[PDB]
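Undergrad: Protein chains in written order, with the deposited numbering: chain W, 1 to 313; chain B, 1 to 313; chain F, 1 to 313; chain R, 1 to 313; chain H, 1 to 313; chain G, 1 to 313.
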């Protein structure tokens with residue numbers, strides 16, 4: 001969850017910027033360097049191991065006194081760095097742009113998962129370079145396309161339907177930047193196709209979530225996919241999503257928010273999400289998250305009893 | 001889940017029957033003995049290791065070709081055997097009785113759990129011999145008293161209320177006769193007191209079951225406690241409980257069946273249980289288990305939303 | 001012991017059906033899919049890992065709740081799948097046929113053993129692709145040829161003669177679909193050549209079986225080889241073989257049954273086998289298995305004493 | 001299989017010989033001592049660890065260059081030594097006797113097995129000191145009584161009948177003096193009572209040996225028990241038993257030889273044994289072991305088929 | 001220490017005999033084959049693993065009941081077999097010869113050691129194919145040349161001089177056919193050149209043997225090298241060497257015996273060796289081994305004191 | 001090899017000095033204390049763990065920067081300290097004496113060995129408190145008696161005779177203060193009795209040393225026992241022994257030097273030892289150690305050949 005400039009540096013060679021991966025030992029030398037305030041934002045030169053990241057990004061790397069960062073000495077760091085370089089290098093980047101592109105903060109977990117997909121012979125990304133790139137560009141925030149099943153970050157499939165695919169996010173097992181809270185459990189449901197979805201398929205997906213995931217809120221962060229988070233967490237996803245919309249106060253931050261099927265999404269989340277998409281203060285939105293309601297609680301009232309009955313037999 | 005005569009043999013000494021534990025090596029010799037059909041029901045004499053169980057009970061002991069029995073060579077076997085002997089010996093048994101008493105088929109798991117309770121200094125049974133005996137006599141089917149929290153078989157407490165105590169049955173981890181199916185999960189809820197229970201406490205217990213155990217049926221086997229079994233199993237608990245009632249065709253089998261709070265017990269189970277307690281064929285009862293219904297589904301309609309809401313905050 | 005459609009799917013490419021192996025992850029996604037009754041018999045499309053087997057074949061794959069199936073996540077699964085594909089692909093299959101061919105239920109153990117033979121440099125199948133194919137086609141039930149030593153499924157050789165080869169079936173050690181009963185012991189004797197066999201060689205083979213395998217029945221399942229099963233099992237081999245003959249009630253099921261040398265085969269089995277090959281009910285046949293007899297017990301009366309005498313010296 | 005003087009030394013104290021165990025370190029010092037030919041037969045005095053065995057018995061103790069002896073540094077050595085001392089000390093021995101008693105060569109294995117019986121709470125010898133002594137005195141050759149089940153050396157019971165008990169000799173697992181040949185397998189059948197034995201019981205025992213031990217000769221060494229040795233060994237048991245009878249050329253060697261039930265014992269062994277008990281040269285006896293015969297091969301002709309038939313069902 | 005026909009079989013192909021290595025599995029099948037006395041001397045045909053050695057050579061292969069043979073299932077067996085094949089194949093062998101050549105009994109240890117030399121990049125044999133062959137042909141007894149340092153079997157160098165090289169034979173650590181006696185210790189001294197050796201160099205070598213190997217006899221088996229065996233063994237080397245000379249009773253057994261420097265060789269061994277080389281009975285020779293003498297005990301009387309003195313300083 | 005005041009401190013209680021063991025933690029606190037030059041020779045007071053040794057003895061305890069000392073945190077330290085206290089406490093010590101007694105430098109190895117003897121039930125010291133004390137007082141230098149077999153420091157017996165006992169000093173394996181040089185090998189020969197020794201016994205002992213220990217010098221340090229040190233070490237034993245005699249320049253240092261049997265002791269050592277015992281400078285003595293000689297080299301000329309001959313047979 002760091003800046004792209006934490007994995008590579010721009011090198012205007014052969015008439016265009018080609019991004020290059022950092023050596024961890026170079027990062028390690030940087031971490032011990034005495035730097036002037038005037039250069040904290042510049043790429044560092046260890047002499048022995050090549051260029052290192054801007055000293056200001058110190059907090060992004062785990063050290064003897066920092067567990068809030070990433071494990072840049074792992075093999076995964078190199079992999080993810082290369083994964084990023086391969087993507088940014090296909091985007092003939094221009095001078096005035098390199099800066100912004102690299103300051104783009106992205107999800108390292110999302111990147112580690114794609115590396116896990118592409119290195120596996122069974123996964124489609126292993127064979128399609130084109131697919132791997134669309135997927136990476138989406139994750140690097142350098143693409144208009146929305147993430148779907150085919151280009152999903154990955155994880156374990158625990159439910160698949162003609163219209164959806166549910167993945168279990170394996171964050172606890174990550175090498176680069178793992179979730180440290182062992183109580184962590186999160187899933188996401190991606191659309192297999194953006195075309196219309198029958199009520200039949202929605203119903204199936206709503207049933208699986210009601211029976212196998214009763215203790216999980218069904219929300220979304222605006223992109224085109226559902227996020228299955230436990231209720232003890234929604235409040236924070238709220239703060240987070242709102243703060244991102246809040247950053248709309250920056251032209252170019254064109255933020256189309258897609259509040260998915262109102263029959264799938266959790267009632268309160270639909271509320272909170274719409275008040276926000278309308279222009280209300282965090283407090284107005286937030287309150288709707290806690291105000292108990294009643295309606296829209298029976299979109300497909302009866303799904304629960306059915307699955308249960310099927311089990312009985 | 002074998003006969004009491006599988007752990008000990010009667011010895012009319014010092015003017016009364018005192019029960020004695022078997023040595024596993026004696027059982028082992030028995031298992032290799034060539035016996036006459038006329039003696040399959042008699043206690044066996046190895047010469048080296050004392051008396052062994054009746055050769056007819058061969059199927060009750062695991063061997064190179066039997067995993068349906070118990071692990072009599074474990075330490076737990078001796079413990080459970082002693083636990084039984086200590087109980088039967090406090091019941092000055094008479095001749096005409098020894099036979100019946102020992103043929104009483106009992107739950108070995110229930111017995112292993114009590115051994116686990118009594119050997120632990122923190123558990124009340126460790127200190128009260130009287131309590132340990134009431135508990136054992138209940139489990140040995142030689143007592144009128146109903147099992148309650150204080151005298152429960154044991155397990156892990158995953159919920160306790162002013163009126164109830166929910167235990168997780170640790171059968172997978174048993175030494176003597178473990179459940180072999182790794183998919184096994186079962187809990188039971190015992191009453192802390194037999195006195196009246198407020199709607200407040202029932203409501204709490206119904207809420208915990210609806211949120212933390214949504215995929216479990218809330219039934220009972222007639223005694224005074226609830227059994228939290230997963231729906232994919234109720235059908236068999238049905239066959240089982242009915243066959244036991246079926247054995248009512250044997251005077252002395254006075255079978256008072258207690259179908260606990262209708263607001264707690266699963267709807268269908270209340271149905272199935274009552275048709276049986278009324279005198280209907282298995283088929284009549286059974287059918288009610290699968291016939292979807294509607295009412296009595298809202299005893300405390302709203303519990304679910306509440307817990308969820310509490311989580312959100 | 002599953003259908004061929006459990007390891008691969010047909011792909012009519014480059015003007016003919018070429019069979020392709022499944023990825024286990026694709027099988028894994030299938031296992032979580034919600035499918036319509038109308039498609040249970042169709043090949044499944046995970047999106048990430050290619051085509052998966054027909055959802056109806058769910059029971060064929062071990063899962064958290066199934067030990068009756070196979071271990072498709074093992075390396076052996078891929079090997080066996082490839083082994084099958086290599087064979088079916090040499091059989092330019094036509095449309096109307098692909099269906100039937102793939103529904104052919106076969107012995108996975110037989111296939112795992114051939115993989116074990118072909119991967120070993122010392123074994124002839126390692127060097128002869130032609131031999132490996134004859135062997136595989138025999139095992140896949142897509143060949144008229146009978147299995148002989150040269151094309152045997154494999155195992156450990158515990159006796160070899162000018163005319164026969166006895167193998168110990170290593171089923172307990174299999175990776176894909178192992179026999180779970182640790183009491184399992186089975187051997188098979190294959191003919192090194194189909195030409196005539198002298199009384200000298202038969203006698204040797206009958207002696208070895210009488211001395212080293214006294215507790216084993218010498219039977220056959222109709223193909224051209226002997227099966228050394230322990231007597232506590234013949235009854236089931238009976239049910240099995242008969243049910244297969246029973247399936248003769250399906251033209252095309254041309255079932256020539258070869259009841260091998262009457263001096264080698266177990267007396268009762270010769271009986272039971274002939275009554276069946278004559279057209280009698282299971283019960284008529286079956287009874288002959290238990291009816292003690294006398295004659296044909298001295299084909300080479302004296303073999304026993306000889307071996308014993310040789311040992312004494 | 002060494003002299004009793006290899007485990008203890010006589011100490012005429014408190015007006016009678018009381019035998020004392022050796023310390024292994026004392027034995028170890030002895031093994032390095034330079035001794036005069038005149039003292040090779042005398043008890044050795046290390047100074048640090050007490051009395052050691054007569055230097056002539058050097059070959060009886062394993063060393064860096066001897067695996068033909070015993071492992072006197074094991075705990076079992078002390079145990080067996082004590083076991084012997086406890087027995088010899090109950091036999092108020094007189095001067096002229098100590099010498100002979102200690103020169104008595106005995107079976108160490110037989111002694112290690114009794115230690116294994118007496119140390120086990122389940123075994124009768126653990127509780128009866130009287131029984132343990134009868135057993136030990138029998139094994140030490142200082143008793144007229146014959147060894148029976150109750151006083152058997154021990155082992156694993158693999159068959160028990162109203163009249164017999166079959167034990168598997170665990171020699172490979174011994175600590176003191178183990179059989180080194182991993183191909184070793186031997187059993188012995190002891191009589192539970194010396195009273196008459198019905199044909200019913202003999203028949204059962206003969207059936208078990210014919211089915212479960214077809215590759216074993218049923219012989220005896222003259223005492224009152226059967227020895228189940230594999231045929232590849234009888235020849236040596238022959239040499240051995242004969243050489244012992246040969247030592248009859250020493251008054252006091254009163255050797256009553258009991259050639260057990262002629263229907264149980266192996267035909268040839270009955271022959272060989274009787275020729276010897278008659279006064280013939282080894283060669284005359286020996287020859288009968290290899291001369292194939294016919295009769296007395298059907299004592300209970302039919303036992304074999306029966307067991308087999310029982311298996312089939 | 002088996003026949004060459006224990007590692008390979010002749011194959012007259014491409015107009016000349018080319019020797020081929022056995023597969024261990026083929027040897028394993030052979031070991032279970034029932035063969036006619038008429039074929040015990042013929043090459044065996046397993047069907048699955050190629051040709052196997054002549055069944056008469058059964059005793060040469062370790063099995064569950066033979067530790068006197070070799071470990072043919074090891075990797076070393078294949079290596080040694082190849083090592084032999086590479087050598088015999090450079091010797092365009094003729095029909096009438098193949099038989100004799102293969103019946104040549106050779107030292108497996110000697111062969112395993114050469115494999116150890118040739119596989120090591122530091123050793124000269126690794127680089128010179130010519131050298132490796134001279135060495136192998138010497139060891140296979142198909143060469144007139146005498147073994148010297150350059151072509152030595154190998155081992156650890158524990159002393160090297162301008163004229164000699166002393167090796168420690170690592171037999172205990174061998175994979176194919178290790179010495180089983182853990183008390184085993186043997187060395188050999190090879191000549192670096194066959195040219196004359198000054199008294200200076202002989203003296204050095206005699207000093208090293210007197211100080212560092214005082215407990216070892218300095219003998220020779222007739223070839224051109226010394227063997228440092230402990231005195232507790234000379235007696236057997238005597239029997240052995242004599243029996244070999246004894247086999248002189250077979251023209252073609254041209255046995256030139258080289259009894260090396262009389263100042264180096266042990267006095268008695270020089271005696272025993274010369275009586276033999278003269279034509280005396282074993283008994284005449286043998287006696288000289290035990291008859292204490294005096295002279296020739298001071299070839300370089302004083303060597304001992306010198307080394308000692310050098311140590312003191 | 002430290003001062004006695006390194007293991008205990010004097011406590012004049014109950015009217016006499018009773019010595020008490022140090023706690024290692026107290027020693028550890030001492031090692032960190034800042035002490036005045038005026039108190040380096042005084043007993044230290046940690047407050048938490050009792051009295052500690054005089055800070056001047058710092059070098060005697062191993063630390064992160066000292067491997068020249070002992071391992072006072074081991075269990076052996078406490079044992080040895082107690083062993084010393086038990087001995088000094090039986091010596092009702094007076095004021096003016098405590099000081100000198102405790103400053104007595106002694107061999108820690110010698111003490112660790114006695115602990116090893118007394119803790120072993122097989123060793124005589126385990127049973128005789130009187131013997132253990134004589135032994136300890138000898139080792140503590142607070143006794144006139146000479147060390148003999150019965151009171152030897154201990155080790156492994158590798159040779160015992162009617163007159164002597166040879167021990168292998170196990171210094172490498174010590175816990176408290178081990179010899180760090182892995183090349184270390186030393187033995188000592190103690191007299192079993194101080195009475196006269198026949199030429200027979202001396203001869204045996206001289207033979208064993210000449211054959212089994214040819215590379216060892218046979219010397220002595222003045223006490224009544226031989227020390228078998230390798231020649232590469234005598235030079236230092238020389239420096240050492242002389243420096244001790246040198247300390248004769250201190251009345252009370254009554255140093256009777258016993259230069260044992262001149263036929264046993266090494267020639268040069270007898271020389272060097274006598275020149276010293278005569279009053280010559282180190283240089284005069286020393287030179288005799290290197291001057292090669294001739295006579296007295298044949299005390300029992302012929303021993304060597306004999307042992308060798310015995311081996312040959």
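Beta carbons are placed, not taken as given, at the ideal position from N, Cα and C, and that holds for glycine.
#1: Counting beta carbon pairs with one atom in the region 5–20 of chain F and one in the region 227–237 of chain B, are three or more of them shorter than 8 Å?
#2: Assign residue 167 of chain B to one of three DSSP states: helix, strand, or coil.
#3: Excluding the five sequence neighbours on either side, which residues of its own chain have a C-beta within less than 6 Å of the C-beta of residue 46 of chain G, listed in chain order?
#4: Within the same chain, show all residues whose beta-carbon is closer than 6 Å to that of residue 169 of chain H, passing over the 5 residues directly before and after it, in chain order.
#5: Where does the unbroken beta strand (DSSP E) through residue 11 of chain R begin, and where does it stop?
#6: Need the endpoints of the beta strand (DSSP E) that residue 188 of chain W sits in, please.
#7: By alpha-carbon positions, which one of G/103, G/175, G/162, G/160 ends up nearest to residue 141 of chain G?
#8: Just to confirm my understanding: we take residue 202 of chain H, look at its own chain, exclude 5 residues before and 5 after, and list those with CB closer than 7 Å. What are they?
#9: Can you find the residues in the same chain that come closer than 7 Å, C-beta to C-beta, to residue 229 of chain B, ignoring five residues on each side of it along the sequence?
#10: The beta strand (DSSP E) spanning residue 220 of chain F covers which residue range?
#11: Is the region 62–71 of chain H in contact with the region 131–141 of chain H, if contact means three or more CB pairs nearer than 8 Å?
#12: Counting only runs that start and end within the region 244–284 of chain F, where is the alpha helix (DSSP H) found for 4 or more residues in a row?
#13: When you compare only the Cα positions, how much space is there between residue 224 of chain R and residue 259 of chain R?
#14: Just mark residue 246 of chain B as buried or exposed, buried being the case when its beta carbon has 16 or more other beta carbons within 10 Å.
#15: Check this for me: beta carbons of residue 23 of chain B and residue 122 of chain R, under 8 Å apart or not?
#16: Tell me the rounded alpha-carbon separation between residue 311 of chain G and residue 101 of chain H.
#17: Taking only runs of the beta strand (DSSP E) that begin and end inside the region 132–164 of chain H, which ones reach a length of at least 3 residues, in chain order?
#18: With residue 227 of chain G and residue 177 of chain G assumed to form a contact (beta carbons below 8 Å), what rounded beta-carbon distance in angstroms separates them?
TA: So, from the listed chains and residues:
#1: no
#2: Stepping through the second chain from its first residue, residue 167 of chain B is reached at position 167. In this structure, residue 167 of chain B counts as strand in the three-state DSSP scheme.
#3: Reading the sixth chain from its first residue, position 46 is the one you call residue 46 of chain G. Taken in chain order, the residues that qualify are 26, 29, 52.
#4: The sequence position of residue 169 of chain H within the fifth chain is 169, counting from 1. Only 155, 186 meet the Cβ criterion.
#5: What you label residue 11 of chain R is simply residue 11 of the fourth chain in a count that begins at 1. Residue 11 of chain R -> beta strand (DSSP E) spans 8–13.
#6: For the purposes of this step, residue 188 of chain W is taken as the residue at position 188 of the first chain. Where residue 188 of chain W is concerned, the enclosing beta strand (DSSP E) stretches over 186–191.
#7: In the sixth chain, the residue the question calls residue 141 of chain G occupies position 141. Per the Cα distances, G/103.
#8: Reading the fifth chain from its first residue, position 202 is the one you call residue 202 of chain H. Correct list, in chain order: 261, 263, 264.
#9: Residue 229 of chain B sits at position 229 when you count from the first residue of the second chain. The residues are 186, 216, 217, 219, 237.
#10: Stepping through the third chain from its first residue, residue 220 of chain F is reached at position 220. That run of the beta strand (DSSP E) goes 216–220.
#11: no
#12: 267–278
#13: By 1-based counting over the fourth chain, the position of residue 224 of chain R is 224. By 1-based counting over the fourth chain, the position of residue 259 of chain R is 259. Straight-line Cα distance between these residues: approximately 8 Å.
#14: Here residue 246 of chain B refers to the residue found at position 246 when the second chain is read from its first residue. Answer is exposed; the Cβ neighbour count stays below 16.
#15: Taking the first residue of the second chain as 1, we reach residue 23 of chain B at position 23. Taking the first residue of the fourth chain as 1, we reach residue 122 of chain R at position 122. Cβ atoms of residue 23 of chain B and residue 122 of chain R: closer than 8 Å.
#16: Translated into the one-based positions of the sixth chain, residue 311 of chain G becomes position 311. Translated into the one-based positions of the fifth chain, residue 101 of chain H becomes position 101. About 39 Å.
#17: 156–160
#18: Start at 1 with the first residue of the sixth chain, and residue 227 of chain G comes out as number 227. Start at 1 with the first residue of the sixth chain, and residue 177 of chain G comes out as number 177. So it is not a contact: roughly 19 Å between Cβ atoms.
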